[PDB]
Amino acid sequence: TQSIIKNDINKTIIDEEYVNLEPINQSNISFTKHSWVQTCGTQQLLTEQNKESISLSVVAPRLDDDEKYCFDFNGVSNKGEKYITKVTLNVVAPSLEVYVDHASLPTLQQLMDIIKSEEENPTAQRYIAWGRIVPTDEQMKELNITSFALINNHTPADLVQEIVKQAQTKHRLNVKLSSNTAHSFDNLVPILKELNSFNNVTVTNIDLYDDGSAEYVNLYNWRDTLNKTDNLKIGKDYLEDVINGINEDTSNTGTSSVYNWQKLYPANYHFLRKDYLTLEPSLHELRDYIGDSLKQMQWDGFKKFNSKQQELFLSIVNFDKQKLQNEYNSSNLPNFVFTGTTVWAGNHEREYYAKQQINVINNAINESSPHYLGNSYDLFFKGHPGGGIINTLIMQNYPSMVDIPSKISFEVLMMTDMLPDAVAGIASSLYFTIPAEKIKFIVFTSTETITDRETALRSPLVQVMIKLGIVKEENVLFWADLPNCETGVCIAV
């Protein structure tokens, strides 16, 4: 007439999911009549004793294609008021998203993918095996994450088993996979060779995010390859045979294997610096070969998040922005962030690494050095995520210094517009991305041996970083190379 009390419920809902929904929000509320009626949808879901309870109880059907189902509730209260509520169930394929990385860069990008996906795909389940970010149980619950411990930095057996159980248990399954690029082969292969025999599972996408500079060193060496295209095609058959189980030798985990995902699956390569495949003429073949799966890693994920998403993100990466802003604020002096490094597979080297980085910081803040920033600065430190005892040694050398928790990827400071006035430090993937104008100087690693300059410049990382226009050859600095500031006066070598 219409004093009929209307309500509308909309839900999404995977195959075989149980649903129990209250039609009304008036309390009690007590009904004389009602009726439940399936009103759209092809499979019949209302089983007669369903209809007789006031809350709606149904099991989503097994489907081949997503489909909407409709149910109309009508009631007359004892009062005797009329109610009508229209219910829509969007039934969608069960889906899985798997993300694996032991490093920093890929894990950061995967995090941003998860947060976006929690909005776009609420019913997706998410499995992570991460080394350097650990969400709380609350955060996991909020993002539908189950977590798994990396073994030898790679996909663990228990992650694979859990994926197998989903394949066995879900009637159709969409899977997305995401990995560290350099380490794809050991992260994804054990998963893909299980899933390969499951006809109900569709691998809809594989995302590859660069470890960082590591893949560029590899590509720099791989420039030498004769018959690149031949090697890559042999790469496809090899990878194909390994996943099919036809070939048992799972040993060629490197370059010619890692750039074939797109030949076997829908896949996207998110390059830290896509332009490297163009800047190096000899890699044009590889650029051709990756074709329209070649993407540039994006840094607008944070900006594109809504404000709740931005908070959840900062909270998961443990960045307290307001606290850093306070610290910036605070002193008259402009702010300087020194970015540190770590040694992989060289624990015997890390005290030497600490002592050298202390010397690099000293060069920046000591007037008796040509690398002097030019003014007094408040001193800030970032911490290599894997720096461990290197970070504590550097930290206790400076009373004085403010940490930037080392676990925070530096690019989140870029994305949050929390870059200081000056940044300098050790050669790192972070310099592949940070705007040139912020960089005061970059310093490359030296061993206790060389110290010779000509062949020091030969180092792949140096040649990458030159080619990318990050640094100019005539200005490359090596630790050793730099004046010794340890006594308080900077003395030339």
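Note that residue numbering follows the sequence shown and begins at 1.
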query	finding
Stretch exceeding the other in mean C-alpha B-factor - 105 to 113, 345 to 353	345 to 353
Higher-scoring stretch by recorded Cα B factor average, 468 to 476 or 21 to 29	21 to 29
Within-chain third of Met140 by Cα B-factor, per the entry	highest
Chain-wide C-alpha B factor ranking for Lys170, given as lowest, middle or highest third	highest
Ranked C-alpha temperature factor of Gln463 among modelled chain residues, by third	lowest
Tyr398 - Cα temperature factor, lowest/middle/highest third of chain	middle
Third of the chain's Cα B-factor distribution that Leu63 belongs to, per the entry	middle
